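Tertiary structure, described
Given next are the chains, with one letter for each unit.
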Amino acid sequence: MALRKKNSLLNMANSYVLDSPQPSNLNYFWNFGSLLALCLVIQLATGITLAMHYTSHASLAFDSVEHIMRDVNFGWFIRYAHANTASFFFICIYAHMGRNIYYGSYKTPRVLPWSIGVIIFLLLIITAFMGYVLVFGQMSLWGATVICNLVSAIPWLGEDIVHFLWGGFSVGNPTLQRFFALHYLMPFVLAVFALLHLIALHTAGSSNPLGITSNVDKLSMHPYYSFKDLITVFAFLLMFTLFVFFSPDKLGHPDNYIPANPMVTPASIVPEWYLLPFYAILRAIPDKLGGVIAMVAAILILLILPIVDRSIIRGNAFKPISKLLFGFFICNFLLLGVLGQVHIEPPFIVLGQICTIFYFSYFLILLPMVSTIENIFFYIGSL
Amino acid sequence: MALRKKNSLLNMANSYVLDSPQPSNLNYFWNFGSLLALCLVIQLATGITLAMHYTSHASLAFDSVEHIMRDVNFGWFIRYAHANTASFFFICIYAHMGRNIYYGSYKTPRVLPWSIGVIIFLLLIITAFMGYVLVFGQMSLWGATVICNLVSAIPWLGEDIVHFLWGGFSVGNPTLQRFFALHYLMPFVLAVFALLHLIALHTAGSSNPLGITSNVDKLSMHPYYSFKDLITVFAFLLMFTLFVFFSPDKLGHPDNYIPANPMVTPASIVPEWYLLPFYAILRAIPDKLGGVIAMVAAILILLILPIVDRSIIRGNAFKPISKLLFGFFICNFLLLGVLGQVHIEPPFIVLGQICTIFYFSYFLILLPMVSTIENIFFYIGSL
Amino acid sequence: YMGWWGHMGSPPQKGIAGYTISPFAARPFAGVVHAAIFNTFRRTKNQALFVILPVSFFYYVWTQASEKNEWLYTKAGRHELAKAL
Amino acid sequence: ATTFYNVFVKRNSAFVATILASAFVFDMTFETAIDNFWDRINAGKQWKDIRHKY
Amino acid sequence: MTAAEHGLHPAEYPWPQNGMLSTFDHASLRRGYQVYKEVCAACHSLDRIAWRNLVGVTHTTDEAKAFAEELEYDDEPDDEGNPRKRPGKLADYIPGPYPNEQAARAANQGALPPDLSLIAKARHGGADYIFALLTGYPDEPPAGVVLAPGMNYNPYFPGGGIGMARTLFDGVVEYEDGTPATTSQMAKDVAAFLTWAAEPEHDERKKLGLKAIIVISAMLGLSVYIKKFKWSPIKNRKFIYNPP
Amino acid sequence: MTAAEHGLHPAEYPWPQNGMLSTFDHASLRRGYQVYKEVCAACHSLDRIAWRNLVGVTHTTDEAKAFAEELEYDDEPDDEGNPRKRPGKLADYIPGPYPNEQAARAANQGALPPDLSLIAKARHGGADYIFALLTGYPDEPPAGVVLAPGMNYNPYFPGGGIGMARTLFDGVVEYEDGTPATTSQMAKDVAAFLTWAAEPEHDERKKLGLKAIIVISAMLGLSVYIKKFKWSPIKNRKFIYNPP
Ligand code: HEC
Ligand code: HEC
Ligand code: HEM
Ligand code: HEM
Ligand code: HEM
Ligand code: HEM
Ligand SMILES: CCCCCC[C@H]1C(=O)O[C@H](C)[C@H](NC(=O)c2cccc(NC=O)c2O)C(=O)O[C@@H](C)[C@@H]1OC(=O)CC(C)C
Ligand SMILES: O=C1C(O)=C([C@H]2CC[C@@H](c3ccc(Cl)cc3)CC2)C(=O)c2ccccc21
């Protein structure tokens, strides 16, 4: 028996990256999983490297980031790589969640990797945010204020929790140092959860774009998907290179190159491109608690897809009506993204509310209804 | 079938902490594994907490540790708990490696967990050391100088490596910030390796104090060893409490409460109690490269126990001669520890050399010889 | 639900003969021109409406909203803005 | 052509040695080639081009 | 918002550094430093730039040492522990006009002139915004604009009313290379210089990106050949089914 | 090493705080502060102690506010950005006698008087070392000792020659509680005060440790009962073997 199978440690690696039996027909949207793995590796490498140069003290943090840009050899690269990969991480993770929603990867028997995934998505948001704050530019400080005040929504104890998370009466040095600690930590927690959702997936194996069983026709993970994943690694690095080397600040907010001034917040508050959809959700709802609940619920509601999709068929390849509904849902999520960065003015206030209702009605109304009707259309239509 | 067995994630936990079949006769020396796990958990909790308060910049590091002691609520506890648990971690890890050497846990089929363990031991040394440096007291700065110069032993490139590790011409701010990054990181790497050596062990199962197979008589990890491990948890916490609350500085060096002054090295240089054995080894050897090699070899030589123990019998319970040899080896390792902290003076210079030779001769001469002779004595003696 | 090599959990297969040739024996880019043009056109045409319909609708909606917003903050749009607030 | 396969490709030791020696040559020549190219497209712009005045 | 509140968006000027393979024009950088030194440095600091940063960009080692050596910086105290000054060295930072924010505001009718080391990255538009702003003071404010006291009308600045007056006028600087110092020329030079200040790695970054684009393109092409090659057995697989 | 080179090891004095359940004597801390303030503060800083740290340890809020308010500390610059001083507040740190190391050395014939905030933790012996040192200057150096210039013989200090002269003499302080201010009394008080300075959490720490020792003892006792209880089926297991 082959060493790779005999030896307990190798056997675990083997089962994940070499002999792992995968469906033979996964398309390029199955490549985001490995890109997110690559982003996670880049982020750890550049992140730990920035941590060797960055100073968490509020009096020095912004300056240490300038020192990284200016004085550290290749510091510019490491910094921009870290910042840009955080954007690519979100492109890839929305792509990956997109793929999963379109192909019904959330349905049995994969509800567990899906649900662990939803937590990875929340942790990524908190990691990337905590990392945003470490620059301690204007947006950084204000972002900190808002995120740490989302717990004020929680009644009674809320206000005290806020002060406890700031370690002060305002965002200041204490907050910045604890964000550094946690921003360093959170990615390792995220890598644990990323691993766990794979372990949960390993019981069912990957879904495939047809949504049928692949038990009839499996391919070893290597060499087929190893070499397939290189294509996207290099395509990703091409896009990475164009941002990192040619336009490192395209995805950034100018205001973060202003040091944090707790006395003013910029007139143009617009968070990271990837938080924009939920930020528009938060703006839409005119209640404090309401706004917060809705924003969190916009992520947590993904947890109910396993229930509300009533289809007897896995995924959307074969469901014209569901594909159209999914197209409108995705475009609405992009519209929310767009509305996140306009000014809070007519007519976009009402529009943002309509998009927020449409976002939630996909999970609560439309998906359950459409999936029910298409079940019936398949049965009647094929008699 | 029970959920704990059905569900893939629970099944992995189950296999480690609940259904794991253990020999029924493990004695209290099998408890160090879980104490090291508890130390590792304490260190992560207190460590991440100190990281929320500590500032890695050399101009602020020592002062941030004083701020932790003085201003942070319970900062004194968190700091002393972190510092003292680092000492307890080494008591437990020497105890654990002691147990393994005495009961022949390094022999087949457990050479892999043993060898991974030897790497955990090296990582612990590097972790705890990098952690020592972060205080940036007098011993911290000198410690940093010494360890980064162990690479100066490596010829040619060696000296350039030293500069690269320091990020400067001397230990200074750059060094301290990079030690902070790596000291935060190293424990997570160490928890991976700790996990891996358990996964490697899970093929053979725990050894037992008789060194016979336990396949005949197994006991579930819980409740039996869970409750057995609580006794040592509470005994450990009693010892922890006596140090942390009553004598928090007994295990420390006063000189680390002097801020780092690169112009002067304390006349009384003596490292952490746990590095003392290898420090005495380094002092013993007069050559630069010799001294370094010997010191590293004192750890790496444990890797050859699987080869040089020629016994047909696993462990020392039944080998009077081996037990005596092991007693002298352990006492010699403690003598090296003691000689690590006397002044470099007659007659301890010669004594330290003799102890160093005895340390190595255990692995290279005595163990192979004694183990051979006892094989013969068992066979002849029982005929 | 999925096993491993040897016991993958396929319903028993019988009567399928599968043939392939060596990667070295095959032209990896055989018929690439045909595929790149005709096959991609086929696949694009078949999926086009699923992209075009929501993109065109939400681009229309955005366009209308952005044009109204622009107009409200002109001098001509003073009165309509005063009503909106 | 068989000969070239037999020498540089058949043994993996030889193939990897050839790839790393080619990477060495490529790395050195690519650096030099881009340096010259970069200087030609940004001619008269860079410090090396105005340095002579001082 | 109204156009006023946003500021007019600056024109996109064809800077030498726009373009994937284009460096800064270093001659322009040098000229722009001279504008900073002789106009802007009166009010604006450039705190993140050290003398050494000009070396081999705009100035030789010797010219930059000469600039540093003209200034006095805080030394370590003498042997009696009395404070001392020393002449500047290349590692010293270019010193600001004002000791603190309050002194800056006092000299500027309450307004604080920002540090310019990062201003090209800190404003939408970057170089174009700086050039548009410096050159964009109309002789007369558009009829109907009421400026707050000590504000000057500049359409590019959000709100329209900027605390910085027009400062570039034809021949306020005498360039050492004989270039006609027109308002536009000085604004272009100083805008370029400030953009360099914000992103000094720019030149290296784009060159390494060029090398990366080439290598990564080739690797992407090859990776696709290799993927297709390895996958061809699966793509080319054919089945014959005989129902049993 | 020679005894000389090590220093004589200090006697173990029975401090009030020695003993697992013993706090500092706060009356002694207060007296010791008065010794620090009137003798040691001439040369030694206590930089890590703020006025607020004395509050509810040695002094009331009001007394410590009075001590802070007597001093001037650097304020934020005024509105013209000119430097200002303010009266001290409780969050301010007790200020040092010297502006820097060099000024400290200048006043002390080259020797640097260390900061005393940590000195009780920074020397083997702690309180005992401070008490032994302050009281341990013999009238005459042991015959044969050659002191370096500006050194004083003190056996407790390693090397024997300390740059600090004897400073406590009967009645250099007049205690406000009427305690006779003998050399030994002042040394004990100031040693206690400095030990508090080094570890101000001492009192809380030992109290929580007492609670922890009690809880952890009980849990250890119970955990052993529970372990024995759960293991009793295995310990009590009996076998009957009938060879087949
Ligand atoms: C004597 C005063 C003074 C001079 C000379 C001066 N500035 Fe300013 N500048 C200011 C003040 C005050 C502001 C702040 C205006 C405000 O925020 O209202 C400012 C603002 C700016 C801003 C940013 C405006 C913004 O978007 O916040 C830039 C860019 C700028 N100056 C560049 C320059 C350049 C380039 C020069 C000369 C080449 C220059 N300044 C000369 C006083 C001056
Ligand atoms: C006018 C000077 C002066 C006065 C008054 C003074 N000291 Fe010192 N002290 C020094 C100098 C100088 C040293 C450094 C001696 C050396 O390192 O050679 C020193 C050293 C010490 C040391 C540590 C010696 C060591 O181990 O490094 C302690 C503790 C100390 N002083 C405490 C006190 C206390 C307590 C008082 C008064 C209650 C006091 N000093 C009064 C000048 C003074
Ligand atoms: C750090 C982030 C993540 C990484 C590195 C990661 C990685 C992967 C990988 C490698 C796979 C298997 C290959 C693939 O299908 O692409 C996978 C599958 C999956 N991931 Fe993720 N993932 C991450 C985040 C998420 C998130 C946020 C979700 C869900 C919200 C998710 C849900 C899933 C699901 C459901 C599958 C099974 C899909 C299937 O193969 O049909 N993952 N992931
Ligand atoms: C998922 C993994 C990670 C994500 C998504 C992430 C995201 C980010 C983001 C968005 C920033 C703001 C960057 C900027 O605009 O400058 C940042 C900064 C930072 N990150 Fe991370 N990060 C990750 C992992 C890590 C890790 C593992 C470390 C290890 C310490 C780290 C260290 C830092 C540091 C030191 C900064 C501040 C310096 C800077 O802004 O560049 N990051 N991170
Ligand atoms: C972070 C440090 C470590 C932790 C948390 C850890 C934990 C454990 C645990 C829980 C076990 C199983 C129960 C036990 O026998 O005590 C174990 C077994 C073992 N450990 Fe460790 N260990 C660590 C370090 C080491 C080191 C440094 C070595 C070897 C040099 C080592 C070698 C072994 C071996 C050989 C076994 C199998 C012994 C047997 O049960 O017979 N471990 N360890
Ligand atoms: C095996 C795990 C660890 C060991 C053995 C270890 C050991 C140590 C040691 C010996 C020190 C010197 C303590 C002192 O004398 O003050 C220290 C300091 C420190 N450790 Fe750790 N540590 C561990 C894990 C961690 C982790 C996970 C963090 C997370 C950041 C951390 C953060 C710190 C910090 C911030 C300091 C400096 C502040 C201080 O000295 O207390 N440690 N560590
Ligand atoms: C929770 C899911 C992840 C699985 C790992 C969790 C831990 C785990 O496996 O626990 C077990 C309880 C294990 N003890 C034993 O095997 C054991 C076996 C025989 C006898 C005794 N005692 C005798 O009287 C034992 O104590 C233990 O202490 O090992 C820790 C180190 C593990 O943590 C890790 O590796 C991760 C990290 C925290 C180090
Ligand atoms: O007002 C906001 C705001 O609302 C967010 C938002 C958007 C995304 C939110 C979020 C989305 C999803 C989850 Cl699961 C949790 C939080 C977090 C807060 C920001 O990031 C921000 C940054 C800088 C200045 C202001 C702001």
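Examining the interface of chain B and chain F
- Of the residues lining the interface, 38 residues belong to chain B; the matching set on chain F comes to 37 residues.
- Buried surface at the junction of chain B and chain F, both sides included, amounts to about 3,300 Å², of which 67% is carbon and sulfur.
- On the chain B side of the contact with chain F, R70, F234 and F246 of chain B bury the most area, a combined 22% of that side's loss.
- Seen at the junction of chain B and chain F, the total is four salt bridges.

As for the coordination of the iron atom of ligand 1
Residue and element names in this part refer to chain E.
- Within the first shell, the iron atom of ligand 1 binds the protein through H44 (NE2) and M164 (SD), at distances of 2.0 to 2.2 Å.
- Here the iron atom of ligand 1 binds six donor atoms, and the angle range of 82 to 179° at the metal identifies the geometry as octahedral. Here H44, found in the loop between α2 (26–38) and α3 (51–54), pairs with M164, found in the loop between β4 (161–162) and α8 (183–198); they are 120 residues apart in sequence, far enough to count as distant.
- Given a relative accessible area of 23%, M164 falls into the partly exposed group.

Details of the relation of the copies chain E and chain F
- In the superposition of chain E on chain F (RMSD 0.0 Å, axial shift 0.0 Å), the rotation amounts to 180°. Accordingly, the operation relating the two chain copies is best matched by a two-fold axis. Closest approach to the rotation axis among the C-alpha atoms of chain E is made by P83 of chain E, whose C-alpha sits 8.5 Å away.
- Interface overlap between copies is the fraction of interface residues in one copy that are interface residues in the other; for chain E against chain F it reaches 100%, indicating a shared surface.

Notes on a positive patch on the surface
- On the surface, a cluster of positive charge is contributed by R42, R43 and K45 of chain C together with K235 of chain E.
- In terms of residue count, the dominant contributor to the positive patch is helix α1 (residues 32–72) of chain C (three residues).
- Secondary-structure assignment places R43 of chain C in helix α1.
- With relative accessibility at 48%, the residue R43 of chain C sits in the partly exposed group.

Here's the deal with the pattern of salt bridges
- Evaluation of the coordinates by the stated rule reveals 32 salt bridges over all chains.
- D309 of chain A is the salt-bridge partner of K107 of chain A, the closest N and O atoms lying 3.4 Å from each other. In this pair, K107 of chain A is assigned in the loop between α5 (75–102) and α6 (111–134) and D309 of chain A in the loop between α13 (305–308) and α14 (320–339), connecting sequence segments 202 residues apart.
- The buried category is assigned to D309 of chain A, whose relative accessible area is 4%.
- Across the salt bridge formed by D217 of chain A and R237 of chain E, the nearest N and O atoms sit 3.1 Å from each other. Here the residue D217 of chain A occupies a position in the loop between α9 (173–201) and β2 (218–220), and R237 of chain E occupies one in the loop between α9 (202–235) and β5 (238–241), the pair thus bridging two chains.
- A network of salt bridges, in which partner residues are shared, links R30, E63 and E176 of chain E.

The rules behind each value
Residues numbered from 1 in each chain as written, not as in the entry; some residues may be left out. Chains lettered and ligands numbered in written order. Part of a larger assembly, values for the part shown. Heavy atoms only, no water. Contact = heavy atoms within 4.5 Å. Buried area = accessible area lost by both parts, 1.4 Å probe. Salt bridge = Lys/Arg side-chain N within 4 Å of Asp/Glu carboxyl O. Donors = N, O, S within 2.8 Å, 3.2 Å for Na, K, Ca; no water. Tetrahedral: all angles 85-135°; square planar, octahedral: opposite > 155°, others 65-115°. Helix = DSSP H or I, 4+ residues; strand = E, 2+ residues; numbered from the N terminus. Buried < 20%, exposed > 50% of the residue type's maximum accessible area, 1.4 Å probe, protein only. Least-squares fit on C-alpha atoms. Patch = residues over 30% accessible without salt bridge, like charges linked within 9 Å, V, L, I, M, F, W, Y side chains within 5 Å. Areas by Shrake-Rupley, 256 points an atom, 1.4 Å probe, with all protein chains shown as cover. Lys, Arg positive; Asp, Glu negative; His and termini not counted. Charge placed at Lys NZ, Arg CZ, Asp CG, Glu CD.

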